[PDB]
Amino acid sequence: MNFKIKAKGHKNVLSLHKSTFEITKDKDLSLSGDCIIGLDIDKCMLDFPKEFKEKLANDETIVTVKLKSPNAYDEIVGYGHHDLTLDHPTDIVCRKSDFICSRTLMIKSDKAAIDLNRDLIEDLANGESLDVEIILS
């Protein structure tokens, strides 16, 4: 019960944000974009099938986000909620808080951008590609 996204890295990836990480359809990354780890994503939340959206937008759902670069991997676990709308056209945000907006994939996550594996971030900052897998349980 999964969904896969491919993203590009970027020379400007820092991944230092303390409460979120984000992937975006945006192709370019400003110098100060410290929560963004993936660019030019192939698929956004508008591409999630109905069955995935319905299960994700549930207070009982556990959301596993697997991140893979050529040399490194990481795993984030966050939570579903009935209030998720999953309908922003360009951005996908994983949050440590329970704050919900149209960009929010999951809440109360164990990791923000700052917590992510530095080998994965050095792969992304050398513009290696990012594989994202979102798993519902």
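So that there is no doubt, residue numbering starts at 1 and follows the sequence shown.
When the mean C-alpha temperature factors of 29-37 and 75-83 are read from the deposited coordinates, 29-37 comes out higher. Of the residues listed, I100, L67, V63, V93, the entry assigns the biggest Cα temperature factor to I100. Remark: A125 belongs to the highest third of its chain, ranked by C-alpha B-factor as recorded. Annotation for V13: C-alpha temperature factor in the middle third relative to the rest of the modelled chain, per the entry. Ranked against the other modelled residues of its chain, the C-alpha B-factor of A57 as given in the entry falls in the highest third.
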